[PDB]
Amino acid sequence: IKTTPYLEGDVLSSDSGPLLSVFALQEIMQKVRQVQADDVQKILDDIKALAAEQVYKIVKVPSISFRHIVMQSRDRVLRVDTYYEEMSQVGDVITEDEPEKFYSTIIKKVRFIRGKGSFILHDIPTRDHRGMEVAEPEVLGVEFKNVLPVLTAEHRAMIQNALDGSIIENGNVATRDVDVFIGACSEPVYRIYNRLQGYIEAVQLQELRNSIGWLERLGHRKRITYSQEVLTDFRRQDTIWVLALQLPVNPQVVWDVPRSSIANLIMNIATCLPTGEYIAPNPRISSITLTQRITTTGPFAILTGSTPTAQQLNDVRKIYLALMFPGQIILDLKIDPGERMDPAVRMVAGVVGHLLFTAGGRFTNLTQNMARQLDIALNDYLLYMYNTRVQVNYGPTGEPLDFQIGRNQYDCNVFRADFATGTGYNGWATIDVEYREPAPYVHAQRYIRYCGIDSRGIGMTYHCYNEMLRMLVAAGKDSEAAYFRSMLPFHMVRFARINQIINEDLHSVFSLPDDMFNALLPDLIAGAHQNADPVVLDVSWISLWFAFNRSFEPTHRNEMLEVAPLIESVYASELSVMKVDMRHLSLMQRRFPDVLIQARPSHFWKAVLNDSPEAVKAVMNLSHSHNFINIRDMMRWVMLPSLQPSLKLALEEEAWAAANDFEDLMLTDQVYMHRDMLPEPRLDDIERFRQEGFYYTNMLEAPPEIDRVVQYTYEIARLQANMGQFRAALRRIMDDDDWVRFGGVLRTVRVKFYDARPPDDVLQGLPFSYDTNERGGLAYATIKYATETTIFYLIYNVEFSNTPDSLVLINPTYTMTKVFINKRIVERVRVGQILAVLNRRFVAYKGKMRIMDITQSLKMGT
Amino acid sequence: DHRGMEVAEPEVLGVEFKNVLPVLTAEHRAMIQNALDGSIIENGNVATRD
């Protein structure tokens, strides 16, 4: 099947061009850009990438959580855990002026801790020792190699046998035999690991069966193109399922998001709309000589014989798309002051639009403006008499069709537009919506049938076409009367195909709910759209005639139809995650008023949307750019009760549970400034310096004293900066040898170790920035209160004593601000209890086990 | 944004006072600042518009 030929400039062509879904996406984005104005493949595969989302990480070896530093001695060495470093390095700079940035950084913190903590062991290695199964050194949570070459032999033996004693313990958990041993791991990721393991040991095979059964339910409704089951090979005992997602989604949650009509429509286009081809009722007739086609004179004869081009083809497919989506896509005419054309095209378009479009009844896909102007076009056509002269009898008003025509007086005033019943269009006295059986989706019960027919028809007519025949035979235009009489079956089969596409392929979670579908028309009549918003597109004049002369038939199905339940379930899970994140942000703000910074629901929504999958971000952004929201919508949408339970939400909740201690997230307010001379090695006695060495840090091991210390909150800092005595006050208070505190807000802290002398900025930076704006201003010099601040440990390299050029600071200097934390970060520990961290239970599954989820593994689709 | 409320910039208000800033003391500028920053912006509806 090939498309009917259409002219391109001067040579005929028959190429289908770009895909219909791509055309829809680009037209919708162009329209919303025009609305706000005062990508298609990347958005499509960003939607597609929602399927391959992975929450859990199967891994050979658990992550290393410790490392060691040696300082010229055997009794004690430094230990540090890498979790705090990785927690600190993923932050962002904080100032009070942007709560958006502040809370987006907080959300990044909690997302990082969840993503780091979620993992699982499957195939860990084992070794042998005298018949006892022992874990190899590299599978443990502590890595040490630098300690080995330098320690004394007795210590080496005493740690080697203790390391060798880490034997495997064989136990019987509910999946029969697994492997159990001891290890070391940082606390929060261990807590979330325990939560994940507790979810794993939970059993919901009945839930799996229910999800399967709903899958065959939707499959037998979608029997036309859905056919896949691999259930036979599933039942082997040597297997493990992860139920990270619940498949029977609830559409109420996804339809609860305010002003999501545009996003739902665009996603439905992305995931369900099929690709087809356009053909004339009688193929190849554009190739015959034109003299046979142009039979005589007249408006219909003038339009017949014309050929369309790219603009008319695009408008025709626009008309078809608007006809496939009645409840959201509406049309208007493209009028501009440069118009000039023969009136016959407008006349015939006015005639055809009555048959092609439906109005009134239960749904309407036209505007009042089109209804009225199509009506005046029909009035002009029916008055237009060229080949005959017949009697007319007019009415009291100047409204269109207010007259009587024919030898018998026939009233044409019925097809004057009236949205209450839709007399002039296909909704006149004919049913369009009905109900048959409980659908798999509990919000899309309706069946949409055009002209009252069912695909499950030769020679049948309907009321509107009958009355069009009545008017045309009253007008005595027997030429186009016989033309339309012959043209009926083409229209009937095309509308049957459109009905089949609407009711079969489009049954998805993104369909508009039935109550809002019924309420669409009263809202349009009233003009105030409290509930939902349709979108209107521009279409030309002869596009109507060419649409009537063409048809649409499908050729290639939607490639994403196989994984659409999966992607929409992931979508609902993500929405629930965002909602619960907003909830806990509000709760944390209420919990900690004195030091945190208050904000708005709009800022909270922006913070939870800032880090989010790109397709979700794009569709929400375009929907909100099309239609705006207020604080009332956010406060309402938070208070709605429904949630979509998932492993993702459980991990988020437990991450928040670990993150209730907010200072554990490398955030603090305990920064201070006190002048201190920078310690340097004497570097005179080579042997003694080689034996001892030196290290340093700006750590505060203890909190500073309650007295001999001053405070600066942000308001007082601002007032003092506007005074201009800020530097003087600071210099005086440092001459006083008093401590100073910058408390009041949260500052992000970075951490760094250095084996050489660091640059001067990290050596002696300040917690703030000071800029003197131009003289004659209102506020004078200004303070940025919080900036980059780095806690640092200096550990020299004693080998560089041969070349002191890279270690000597030339001139002695003063050191700057110190930072306090309560958590133990870097600790000098005696060599004997370096294994004292070995305090966490680890369990692993056998290699022969097959760990898999059928729902995600089903993506092959063969 | 100040303390979580929307406030207009000081040039929107039709008062010109830039010349007298250096002659006020600490308390006077503190109280004039407290008075000026308290002019919050309120939501309203006119002809079903925000």
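Key figures
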read-out	value
Potential extension, A:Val90-A:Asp123 segment - 0.36 nm per residue separation minus Cα distance	8.9 nm
Region A:385-400 - phi-based ³J(HN,Hα) in whole Hz, Karplus 6.51/-1.76/1.60, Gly and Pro as x	10, 10, 8, 8, 10, 10, 6, 9, 9, 8, x, x, 9, x, 5, x
Cα gyration tensor shape for region A:536-596, rounded if a/c is under 1.5, else prolate or oblate	oblate
Two-decimal Rg/Rh across region A:32-124, once Rg and the Kirkwood Rh are taken from alpha-carbon atoms	1.17
Three-way shape label, region A:571-689, alpha-carbon gyration tensor, a/c 1.5	prolate
Shielding score for A:595-605, defined as the mean number of other chain Cβ atoms within 10 Å	1
Residue-by-residue Karplus 3J(HN,Hα) for region B:25-36, coefficients 6.51, -1.76, 1.60, Hz, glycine and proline x	8, 5, 5, 5, 5, 4, 6, 5, 5, 4, 5, 6
Helical contribution to [θ] at 222 nm, DSSP H n ≥ 4, -39,500 (n - 2.57), averaged over chain A, rounded to 500	-12000 deg cm²/dmol
Sequence ranges A:696-704, A:18-26, ranked by mean other-Cβ count within 10 angstrom, highest first	A:18-26, A:696-704
DSSP bridge pairs, the protein assembly as shown: antiparallel proportion in percent, nearest 5	75 percent
Difference of contour (0.36 nm per residue) and Cα-Cα distance, A:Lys617 to A:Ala836	74.2 nm
Hypothetical label at A:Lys222: residues of region A:238-260 whose amide nitrogen lies under 17 Å (7 Å Cα-Cβ projection)	A:246-251
With eigenvalues of the C-alpha gyration tensor scaled by 5 and rooted, region A:103-242, Å	43, 23, 13
Exposure proxy order (Cβ contacts within 10 Å, fewest to most) of A:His68, B:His28	B:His28, A:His68
Geometric extent, Cα atoms of region A:240-296 - Rg, Dmax (angstrom)	24.4, 77
Amide H contacts of A:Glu133 (H built 1.01 Å from N, under 5 Å, at least 5 apart or other chain)	A:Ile168
Under Karplus coefficients 6.51, -1.76 and 1.60, residue-wise ³J(HN,Hα) of region A:214-226 in Hz, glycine/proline x	4, 5, 6, 4, 5, x, 6, 5, 9, 4, 5, 9, 9
Computed FRET value (nearest 0.05) for A:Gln391 with A:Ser486, which takes r as the C-beta separation and R₀ as 45 Å	0.95
Efficiency of FRET between A:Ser16 and B:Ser39 - r from beta-carbon atoms, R0 60 angstrom, step 0.05	0.45
Centroid-to-centroid separation of region A:426-498 and region A:799-862 [C-alpha atoms, Å]	71 Å
Average other protein chain Cβ within 10 Å of Cβ, residues B:20-32	2
Prolate/oblate/rounded label for region A:679-765 (Cα gyration tensor, a/c 1.5)	prolate
FRET E, pair B:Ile32, A:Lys57, Förster distance 60 Å, beta-carbon r, rounded to 0.05	0.55
Convex hull volume of region A:780-862 per residue (C-alpha atoms, cubic angstrom)	479 Å³
Spin-label pair A:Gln72/A:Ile302, simplified geometry with 7 Å Cα→Cβ offset, distance in nm	10.4 nm
Radius 12 Å from Cβ of A:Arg682, net charge of other residues (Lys, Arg +1; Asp, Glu -1)	-3
Extension reserve of the A:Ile631-A:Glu799 stretch, reckoned as 0.36 nm per residue once the Cα distance is removed	54.2 nm
A:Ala174 paired with A:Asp233, simple spin-label distance in nm, labels 7 Å along Cα-to-beta-carbon	2.7 nm
Span from the chain B Cα centroid across to the region A:614-635 one, whole angstrom	31 Å
Inter-label distance for A:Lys48 and A:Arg557, nm, one decimal - labels placed 7 Å from Cα along Cα-to-Cβ	1.7 nm
Long-range Cα-Cα pairs in region A:185-322 (distance over 23 Å), rounded percent	68 percent
Exposure proxy ranking, count of Cβ atoms within 10 Å, fewest first, for A:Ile106, A:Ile502	A:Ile502, A:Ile106
Amide proton proximity set for A:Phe842, modelled H, under 5 Å, gap of 5+	A:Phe181, A:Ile182, A:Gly183
Under-5 Å amide H pairs with A:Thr697, H placed in peptide plane, nonlocal only	A:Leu794
Cα convex hull of the protein assembly as shown, projected area averaged across orientations, nm²	54.2 nm²
Which listed pairs, of A:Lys42/A:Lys579; A:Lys101/A:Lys752; A:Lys648/A:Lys784, have C-alpha distances above 30 Å, in listed order	A:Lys648/A:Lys784
Alpha carbon centroid spacing (whole Å) that separates region A:649-663 from region A:354-420	67 Å
Hits among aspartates and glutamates - C-alpha to C-alpha of A:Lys318 under 17 Å, sequence gap 8 or more where chains match	A:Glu27, A:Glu277, A:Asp332, A:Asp538, A:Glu553
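As a convention, Cβ positions derive from the backbone with ideal geometry for all residues, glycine included, and neighbour counts pool all protein chains shown. Since every read-out is calculated from the coordinates, none of them should be taken as a lab result.
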